[PDB]
Every structure is written in structure tokens, then in C-alpha cells.
Amino acid sequence: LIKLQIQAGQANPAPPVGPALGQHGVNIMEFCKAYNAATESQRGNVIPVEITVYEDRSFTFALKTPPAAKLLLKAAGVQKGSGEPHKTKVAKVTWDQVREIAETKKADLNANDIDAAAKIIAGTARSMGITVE
Amino acid sequence: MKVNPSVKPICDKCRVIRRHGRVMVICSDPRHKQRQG
Amino acid sequence: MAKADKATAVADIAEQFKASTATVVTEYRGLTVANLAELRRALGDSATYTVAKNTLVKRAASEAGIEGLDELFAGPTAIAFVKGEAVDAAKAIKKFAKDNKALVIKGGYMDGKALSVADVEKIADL
Amino acid sequence: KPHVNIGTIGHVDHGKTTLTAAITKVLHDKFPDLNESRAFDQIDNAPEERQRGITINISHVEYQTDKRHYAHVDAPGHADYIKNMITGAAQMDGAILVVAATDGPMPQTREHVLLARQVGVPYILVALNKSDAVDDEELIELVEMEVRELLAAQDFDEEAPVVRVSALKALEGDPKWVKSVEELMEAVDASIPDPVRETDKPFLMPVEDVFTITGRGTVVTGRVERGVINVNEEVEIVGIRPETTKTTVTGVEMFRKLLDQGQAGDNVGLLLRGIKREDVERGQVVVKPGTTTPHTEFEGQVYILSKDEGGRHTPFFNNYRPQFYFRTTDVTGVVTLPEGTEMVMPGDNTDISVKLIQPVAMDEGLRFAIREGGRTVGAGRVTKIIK
Amino acid sequence: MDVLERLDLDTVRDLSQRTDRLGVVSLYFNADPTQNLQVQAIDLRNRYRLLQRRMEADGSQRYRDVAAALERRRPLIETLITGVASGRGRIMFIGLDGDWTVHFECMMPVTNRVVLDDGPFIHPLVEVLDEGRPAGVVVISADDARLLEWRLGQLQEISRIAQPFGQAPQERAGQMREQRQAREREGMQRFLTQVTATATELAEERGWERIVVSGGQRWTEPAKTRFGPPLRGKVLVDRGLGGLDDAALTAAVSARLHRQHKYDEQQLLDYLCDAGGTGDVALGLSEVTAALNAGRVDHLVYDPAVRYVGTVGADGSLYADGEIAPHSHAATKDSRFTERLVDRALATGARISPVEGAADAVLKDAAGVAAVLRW
RNA sequence: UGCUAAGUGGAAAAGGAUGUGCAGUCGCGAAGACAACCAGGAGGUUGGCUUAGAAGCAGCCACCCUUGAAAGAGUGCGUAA
Ligand SMILES: Nc1nc2c(ncn2[C@@H]2O[C@H](COP(=O)(O)OP(=O)(O)O)[C@@H](O)[C@H]2O)c(=O)[nH]1
């Protein structure tokens, strides 16, 4: 069972993805074709996938949602987060933007309500030193 | 086997016991085995 | 959970019976936390599922007229309070219990009387 | 009694080990003086081999029937069969396909048929297993038809002596099936044509050194592989140089002692006439004329070593340019993968098309190694001489 | 503008990052007096003029203006011939837009070279740094001790100590030869201890790799045996360094360190030969480049004499000649591939060991290039 | 009336240690404390930075939220990750 994050439609290159996918014997160029076809309209969003490998080299995969950490980074426009959070804060994010990111992650979070879901995303922004306003 | 005047539990699995008038440390890791002398 | 916390927890279980139409008692040993999320999401529209210390329930069970259900608080115990109707939650648990086989029902309490496992099964088919 | 190699192939969990056990028991019961039974565990506990670095698990068992000594090879897993059939230190002359009647062929059986056609084992015959547990005649009929078509399509013996046997009951001690096991024995003795002897094949010698001594002249030396040589027998030097040379022997040295003929396996000392050291070098072959031809392109089926065994650590792509090692020397050669493939991970077996840069002798079934950086990174067989 | 000193791999790595809009020209001048200086100067000017001709032959706008820049910087050639110091090997990197001319001089010999790329040519400079690692020299006498440093063929004095446990008894209290000899031996023993302590401290401070100890016919082995376990395996012994002037001292120390460096390189080649076949060493250009792409190379060994060529991908990757990854395309060809290999190895943090003669005997099949995989 | 098990008595330091006797403070516990056995020990997420790589577990900064019986931006071992 392989869990890793791949760019939206740039799975073809091997060295980041190939060797990690080759340990279990899965042939690379077959996966990089199937994955790229499934995730093409979402260009610009890094998207992870759970890869399941069966005993006979045959594999199946299930897609996921782009990371909460990555969605906040582009919602503010900053390239990289702060190296010393709680001291130097790279950007600010309105509470409206937070509830949008919590909405697109709703299929992968614990919270039943949108109120508690937004708090989950707000805690992540505290990790990279992004103010929530 | 380490033979030093000071013996101590290097890891969290070592135990300090007392055999035949000696202080000893016994673990599952053979590097940590040591007696006092 | 010191003495003060035990007094707080025992108060919560006291009101659970009073505000609930009925209760169903089960055990959960072997259910992964992900497997529990299946049951609570299935029961979310109808009932609430909690667990509590076997002894600490009995002290809280003395504040409600449920004095006939002391024998069922042995071993691991998980109790479900049904707030809306009875069949809706019973069918969901009965379906869930058949598959996993690690969920076992010990009894129930409806119409102010203790109830057996074989009787709770028929409530789903009612 | 001409000893002959065979082995079991077929999908895993079809009684290959069990059928070997039955054969051993029956041949020992018929000839307790001659054949000795092998225990089931020894069949199912294959000792590990690491020859040339390649890891294999094989079980070797031997027994003599009334006709000729037999050698029997059985391995636990499919990977062992692929590796052993490809690399092939000792190649079998005929194989038995243990297709159980419960479910007929599965892809593993198809690939065993494919590899058997590839490396060049000539003869194949079937032996349906678990005939006891299957009662319906229609099942065995359909399985027989399917296997017959599978064999015929792969250009094998369309009239293989198919036999129906229950291995488990026969091994247990049931006399109802010891007859079937011994009829396998007699079918194998009738079938599996006897191999041609090495001394019978035409002459062929790989050149190794060009020692030059006083009073005699250049002495091309190399262990004769196939055939026998005679003085005043015209021969051909064919190999890496562009042009073939035609010559004649003038004596055959062995151990400083002259002879008139040299048979296979003899560390001979051919002493040709009108030949100087500048005209022969290691890699060329001395052959009986016309028998063999040089080539620069071909197609083979190789098995690429893994990192653990000591091969590469990364795949290769088109125009991969390793050293190909035949006989006594290696020449570079560009590789082209088949269509529908553009990378070969280590530990995989695959067909490739090779284009060398210096002509060299070959024929279908020749064994060659792949060397890179000075170490072995693969092995295989030759399967088609394109040009 | 920048006559840099104290050259190490950090400075070389940072210097390779410098870039220009048109290009950067790298010049390596062989100022060795033994070979005729005029011949080397004429060869350097010839190579410069040939570069001018090759750039002129294109005739395109960018090529024309960069050629004009080439003939603008002609006098700088002479500025290399009359170097600032008396080094035996000179290097100058000139930017074709800015005025920045990075200058460096050392005593390690070099070969004439004129290159024009998008940045400095640091490869032969890495070889120079390989052949000139620092070392310490300790010359001990019954009267005093002398501590020096050797780096890049240049011998710097560090310190001089005089015998602190020495005095003349002057026959005041029943002196005999035996008592005077005993006193002298004890004093000399303590002096060896003190000098060894000082040299060990200097070694741990300045990062010395080897030490050349010279005590004489009597006091050379005790000095070697004083050094501790971390250092006693890296001490060379020469018994006649005292009484030599600076020229002879530098010559002897350089010869000894060169012998030791060649020995170490041979041992490295033997290790690479032995480890191959276990899968732990990537041999050959194709496998080495694939490992560098994955960032697995913990140690790169290459032959500076071989003229490696290869292909560079569209994402900065490296491939052997002909073999290109399926997804990748637009594979440019790089003819000076050795600089690319060294640059990638530096970018991944590996160790560079250019072995002078690896592709002749041991790694002949691999064409002189090998790497030690991290996993 | 007690203490010592070392022949201490009938030599010695920094320091190491579940030897043993006496006295005095405090935590936890029949709401089940301590030891042991059965089952959970999760999601955002591979937190941010740095790094060839750094995913609880070279290193630096923070150390939130949710479902919950509880589950640490992680107490060890382990892998190049
Ligand atoms: N019903 C039936 N079962 C068999 C017969 N022969 C073998 N088997 C069973 O099928 C299994 C086949 O295993 P096998 O293929 O011999 O293992 P391998 O040869 O090591 O791959 C064995 O465990 C036997 O118990 C048979 O004739 N009839």
C-alpha cells in the first residue's frame, strides 16, 4: 500500500515517483498514464493518491483531496510558509476563505458541521504562521 | 560486558539487580550488560 | 480523571437516561475507531452512542428507574440512547452487528421495563 | 543408457511436487534395486542456489527407468522456473505440463508454454492431475481440448502423449493409479526423443589464445564444444573480423602430444597452415565449413538481474548500450525494446532486439550474458537471427 | 576585483552560482617556470583567438555582440600573464557584462584552458583542490621545535618553541655524565609530550589531514607514537627534514604528501573494484548519471583525463549518450559533461574524488566513472 | 534493649547502587489504585522551515482543531525517506 502526493498531471517523471512505485514491482508507465487521465482538469492543484498493490503485481488506486496546507498557501499568494511561526507571519486569510477550503475538504474531514470544520483548517494555518481574520 | 565503578541503565529496558554481592545491569540489548568492579 | 471529574461524568450519564426514550446496551471490544465512525454516522439521525465505566454507570443508573439493569454492566459496555422512535436505530445496529460480528447486544429498556436481546431484534422487524 | 534431462512445469498449486513424488515412489517400487524414492519434503524444500549471483530455488531428483537415465527438476515458485529456464546452466530436452483438471490452464501455464517455446526446449507433453477429484468426462474433455489448442498454437507437438492421472491417490498407495504413473514412465520413454550427441554435431571451437612457438607456428587453442576434428580437414575461421578465412589443419596438439583427431571437451591445440597470429584472435570460431555464419543483428529473450543479486538499480530504455558476451568475448550492442514497452526494471524478463557493431557467430538457442561496467547485469538466449 | 584566498569547496560552489547575461569566460594559465613561459602564453592567446573565430563564425546578433565583448576584453589576457603573485597556476573568471574578474593563484600546476559558458568552469579547480589538501609539519630537535602548515604547495610557518626543560647543571652538585643524560632524557620526553599536544590542538583547529613528523635518528618514532588514536594513523615519518632550507623542505613535504595521496587513491580504486558485484557501487556513465539524478551518490569517482560526453534533459537531468527517458524529450547534447556531473554531485552534497588514472587499469570497463550508492 | 552479615569490626576519594533499621511530609485508591492479561491507540497531515531525502522520531519554529473512551504536532526501536 503506497501513499504519496503527485502533481496534478505530471506523474510521468520517474525519480520522485518511479523508485517509490517500483519497490513493489508496479510498472510505472502504466500507472502514470491512468493517473494522468483521471486527474487532468485539476491542473495547478497538487493531489495525493492511495495506491493499493495486489499479490500479483496488479494495482488499484483511490484519489484524494489537495492538502489543507497547500490550499492555504495559494489562498494567500505566498510561495512558502514561515520558518518561525508565532513570530513572523507571512500573510493573512479572511475567515471566509477558511470556510471555502474546509468545504472542498468536507469529504475527508471529521467534522459533521461547517463550524467545527473551519476550526480544523484554522489550526493548520497556525502551523505555518498565517493569520486568520 | 562493561566493568566500571559506575553502572547505570543506558536504555529504558535495563534493570539494575544485585547478584552475589555485585551491582549489575541486565537488558535485552547485549551492549548494555555491565557489572560493577 | 480524579474524584472531581468522576462527579462531573456521573452527572452526564444521569440525564442521558431521563432525556432518552429508550436505551440499548452493547459491547465493542475489537472495533477500530474507523469502524465506530460507521456506526455513529449510520445512527446519527436517530440515536447517540457512548461508552462509560461499568461501575460508574451503576452509580448514575441509581438516579433513574432502571434498577433492573445492573447485571448487564459487566465486561466492555457501550450503551446507545435513542432520542427518536425505536425501529430506526434498532435496524441500523442489527444490520451493523450482523456484518462485523464483533458487536454484541446485551439487552435493552423500553416501556419502563428491562428487555432481552431476542425482544430487541423483533423491534426492528415491527 | 543415455541420460536425459526433463522437468516439471505448470501453474503453481497443481501438484508438480506431488507428481514428482508419485514418479519417484513408482520408479522405486518397480525397481527397488535401481531407483530410490525421494521424500515429499525434499521436493517441497528446495535448497537455494546463487550461481553467477542469480538466486534460484530448485529441487533435483534422478531416477533410471528401463530405457535411459532421467533427470528431474522441480522448483517452488514461478520466478524460479523463469530464471532457471532463461539463464539455463543445464537445459531440459522435454518437459511435462502438470495441468490439474480442476481449473485447466491459468496465465502461468501460458507463460511457461511461451518460455518453453522461447529458450528452445523441443518436446512437451501433458499430464492432467487430480483426475480422481474430477468425475465429469466433459471437464477432462474440455481441458484436453484447451491444452491441445494451447500447445498447437505455440508450434509445439500437436500430438503430445496426453495422459490422465491422479498424483495424490497414486502417491498415497492406491493401485488404481500406479498404473497411470508407470504409463507416464513408458510414455516418456517412448516420447522425449533422444538428444543428438555432442560429438555427432559438426565441429565448432571458440578461439581462446594464439600462442606462437618455434618450429611449429601459431597454435590456436580452445576447448572443442561440439564435434570432432581430423587432420587435413578443411575448416573456416569465422568471427569478429569482417572477412571469413578458409584454411586446413596440419596437426592437432594435446598436452604437447600430437594426434590425428580431437573430439569434444578436449583442450586441443589446432595448428593451421598459412595462418599467422594477425589472422586469428580470441572470439573467432573455427567451424566445419558452411555450418555456421556470422551475424550482427538478432532478437533474444533476457532476464535482467536485480539490485540484490548485483545487477543494476535503475531501468534502461531504448538505445541502452551494454556489452554482450558470447562464447569467449563481448561486443557492444544497441538495444531496442518491443513496442508497448519503453523501460525495463531490474528483475524482469523481456524480449529485446540487439544490433551489434562487430559480426559474430550465433544460432538459435545460444546463451549470452549482458555485462556492464565489468559485471553481469543479465542473461538470456538467442531466439531469432534477423540478419 | 576579487583576488580570492583560502579556496575550499564552499567557495567554489558559491562561485559556480555566479551568472551573466551574455556569458562567462574561464581562463586557466600554466605558469610553471620549468616549461617555457612564452610557449604557454602563446598557446593561451591562440586558444583565445580561436574562441573569437568560433564565435564570429555564427554571425547572429547575439553571437555578434558577444564576439564584440570578446574583443573588448583582450588586454585582460596580459593581466593573467603578469600575475599578482608568483603562483605556478593561475585562474581568472571574467564576466562579459560586468567588470567582475575573479582572480586566483596557487602553486599546484594547471593546464592551459579557455572556456566560455553561462558560468564559471570550476571542474579543473576542483581537481586542484583535490591534489592540495592541507597538512601539518613538525620538525623537532634537541634544541627547539618548529611547526609549519603545507597547503596547495605553499609552506606557511606557524610557530617555534624552545626547550623549556633544559638547563646546564654546571657541575655544581656532583655531576656525572649519567645524571646529565638522565635529566636530559626526562626533559626531552616532557618536551615531546608538550609539542605533540600543541600539534594535536593545531590539527583539530585548522583541519589538518596528515602530519609529517621529523625528529631525527633518535627522536622520530617516540614523537609519532605520542599522537593519539584519532591521529596516529595519519602521521608520516621522515628523519631528515632538519637542516633543510625552505625550498628543499617544501619539495620533500610535497613529494611525501603526493605519494600518500596516490596511495589513498589506489586504495579507493581497489575498494570500488571489490564492492562491485554486490550491487553497492554504480559503475559506468549511464548508471552513475541515473544515481546522480536520484541523488543516491555518496561518493563520485571519475577520471579527469577522460573526455566525457552526454545529454542534458529539459528538466536539468543527465543521461548517457542515446538513452533518454520516455517521458522526457528535447534532450540537448552536452559535450563537456564532466562539469555537469560535478555540478550535480555538488548540488546533492556528495564527495568528489577525481582519480588521476582510473580508466586505464581498474575501472576500464566502466570508462573510469563510478559512484557509491547511498542505498 | 536494639543494630550489623560485611570477619564490617581489624585502612582510603570523587562517585555508583531495589542492602537493611527508625522517624517525618505528600500523591493515588473499593468511584477498583500499582503489576499483569484482552481491545482501541484516529482524521486534517507527509504541521511550517531546512535538506539530496526529513513523512511523530538529524536539526530549527510553533504544538492547534476535530470524532471521541482516549489517542502526544508524539516515549522508544527501526528505514536512505
Ligand atoms: N485432489 C487432488 N489434489 C492434489 C493431487 N495432487 C496434489 N494435490 C494437492 O494439490 C497441492 C499441489 O501443490 P504443488 O503444486 O505440488 O506444490 P508445488 O509443486 O511445490 O507448487 C498439494 O498440496 C496436494 O495436496 C491430486 O491428484 N488430486
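Line order of the protein sequences matches chains A, B, C, D and E. Under UniProt numbering, the first sequence has 116 at position 107, and the numbering climbs by one with no breaks. Under UniProt numbering, the second sequence has 8 at position 8, and the numbering climbs by one with no breaks. Under UniProt numbering, the third sequence has 51 at position 51, and the numbering climbs by one with no breaks. Under UniProt numbering, the fourth sequence has 38 at position 29, and the numbering climbs by one with no breaks. Under UniProt numbering, the fifth sequence has 87 at position 87, and the numbering climbs by one with no breaks. Note that beta-carbon positions come from the ideal geometry of N, C-alpha and C, so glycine has one too.
Using a C-beta to C-beta distance shorter than 7 Å, which residues of chain A count as neighbours of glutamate 351/D? Against chain A, a Cβ distance below 7 Å from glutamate 351/D picks out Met38.
Please tell me whether, using a cut-off of 7 Å, the distance from the CB of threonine 118/D to the nearest non-hydrogen atom of ligand 1 is below it. Every heavy atom of ligand 1 is 7 Å or more from the Cβ of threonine 118/D, so no.
Does the segment 342–362 of chain E come into contact with the segment 259–273 of chain E, if we say contact requires no fewer than three beta-carbon pairs (one atom in each stretch) closer than 8 Å? Short answer: they touch.
Can we count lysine 262/E as close to ligand 1, meaning its CB is less than 7 Å from some heavy atom? Not so, every heavy atom of ligand 1 lies at least 7 Å from the Cβ.
Nearest-angstrom Cα separation, counted from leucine 31/C out to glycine 310/E: Approximately 59 Å between the Cα atoms of the pair.
Taking the CB atoms as reference points, tell me whether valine 25/C and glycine 108/C lie closer together than 8 Å. Yes, Cβ-Cβ distance for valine 25/C and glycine 108/C is below 8 Å.
Using a cut-off of 8 Å between C-beta atoms, extract the partners of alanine 131/A located in chain E. Neighbours of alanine 131/A on chain E: none; closest Cβ ~36 Å, over 8 Å.
Going along chain E in order, which residues have a C-beta closer than 7 Å to the C-beta of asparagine 21/A? Within chain E, the residues near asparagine 21/A are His327.
Taking 8 Å as the threshold (C-beta atoms), are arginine 256/E and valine 306/E in contact? Contact: no.
Spatial neighbours of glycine 24/D within its chain, please: CB distance less than 8 Å, with the 5 preceding and 5 following residues excluded, ordered by chain position. Here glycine 24/D has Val107, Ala109, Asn138, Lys139, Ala176, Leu177 as same chain residues with Cβ atoms under 8 Å from its own Cβ, once five neighbours each way along the sequence are excluded.
Anything in chain E within Cβ reach of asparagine 328/D, meaning under 7 Å, just list it in chain order. Under the 7 Å cutoff, chain E gives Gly322, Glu323.
Assuming the contact rule is C-beta atoms closer than 8 Å, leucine 318/E and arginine 344/E should be a hit. Round their C-beta distance to whole Å, please. Distance from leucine 318/E to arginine 344/E at the Cβ level is roughly 6 Å; contact confirmed, criterion being Cβ atoms closer than 8 Å.
Which residues in chain A have a C-beta closer than 8 Å to the C-beta of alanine 294/E? List them in chain order. Chain A residues near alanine 294/E: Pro24, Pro28.
Looking only at its own chain, which residues have a Cβ that is under 8 Å from the Cβ of residue 376/E, when we skip the five neighbours before and after it? Because chain E in this structure spans residues 1 to 375, residue 376/E falls outside the shown range and cannot be described.
Suppose only complete runs of 3+ residues qualify. What are the beta strand (DSSP E) ranges in the segment 77–105 of chain C, listed by chain order? Listed in chain order, the complete beta strand (DSSP E) runs (minimum 3 residues) inside the segment 77–105 of chain C are 78–82.
Do the CB positions of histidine 327/E and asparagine 21/A come within less than 8 Å of each other? Result yes, Cβ atoms of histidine 327/E and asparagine 21/A sit closer than 8 Å.
Any chain D beta carbon closer than 8 Å to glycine 31/A: Chain D contact via Cβ: present.
Could you tell me the alpha carbon to alpha carbon distance between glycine 119/E and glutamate 5/E, rounded to whole angstroms? The C-alpha of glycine 119/E lies about 20 Å from the C-alpha of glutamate 5/E.
In this structure, does DSSP put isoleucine 13/C in helix, strand or coil? Correct three-state label for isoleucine 13/C: helix.
For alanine 43/A, the three-state DSSP class (helix, strand or coil): Reduced to three states, the DSSP call for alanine 43/A is helix.
Hey, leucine 10/A and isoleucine 60/A: beta-carbon distance below 8 Å or not? In contact: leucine 10/A and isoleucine 60/A (Cβ atoms closer than 8 Å).
For chain A, check one thing: does any of its Cβ atoms lie closer than 8 Å to the Cβ of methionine 115/D? Chain A contact via Cβ: absent.
Does DSSP put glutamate 71/C in a helix, in a strand, or in coil? In the three-state reduction of the DSSP assignment, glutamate 71/C falls in the coil class, being assigned neither a helical nor a strand state.
Distance between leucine 44/E and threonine 34/E (C-alpha atoms, nearest Å): One C-alpha to the other measures close to 17 Å.
Can you list the residues of chain D that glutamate 287/E reaches, using a CB-CB cut of under 8 Å? Proximity of chain D to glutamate 287/E at the Cβ level (cut-off 8 Å) is accounted for by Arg321, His322, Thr323, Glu381, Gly382, in chain order.
Short check: CB of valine 362/E to CB of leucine 269/E, under 8 Å? Yes, these two residues count as a Cβ contact at 8 Å.
May I have a chain-ordered list of the beta strand (DSSP E) segments no shorter than 3 residues that lie completely inside the segment 298–338 of chain E? Contiguous beta strand (DSSP E) elements confined to the segment 298–338 of chain E occur at 310–312, 332–334, taking only those with 3 or more residues.
Quick one: is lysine 92/D near chain E, going by C-beta distance under 8 Å? No - not a single Cβ of chain E is within 8 Å of the one on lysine 92/D.
According to DSSP, is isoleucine 37/A part of a helix, a strand, or is it coil? Looking at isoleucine 37/A - three-state DSSP - the assignment turns out to be helix.
Leaving out the 5 sequence neighbours to the left and right, which residues in its chain are closer than 7 Å to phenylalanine 165/E when beta-carbon positions are compared? Contacts found: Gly187, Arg190, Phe191.
Per DSSP, what kind of secondary structure is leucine 44/E in: helix, strand or coil? Assigned with DSSP and collapsed to three states, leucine 44/E falls in helix.
Measuring CB to CB, does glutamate 306/D end up less than 8 Å from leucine 213/D? Cβ distance not < 8 Å, so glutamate 306/D and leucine 213/D don't count as in contact.
Where does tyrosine 63/A land, buried or exposed, given buried means 16+ other C-beta within 10 angstroms? Per the 10 Å Cβ criterion, exposed.
If we require 4 or more residues per run, which alpha helix (DSSP H) segments fall completely within the segment 34–111 of chain E? Secondary structure remark: continuous alpha helix (DSSP H) runs of at least 4 residues inside the segment 34–111 of chain E, in chain order: 37–56, 61–72, 76–81.
Quick one: is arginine 74/E buried, meaning 16 or more other Cβ sit within 10 Å of its Cβ, or exposed? The residue is exposed, with fewer than 16 neighbouring Cβ atoms inside 10 Å.
Kindly list the residues whose CB is nearer than 6 Å to the CB of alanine 14/C, restricted to its own chain and excluding five residues on each side of it in sequence; keep chain order. Same-chain partners within the cutoff: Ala60, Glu63.
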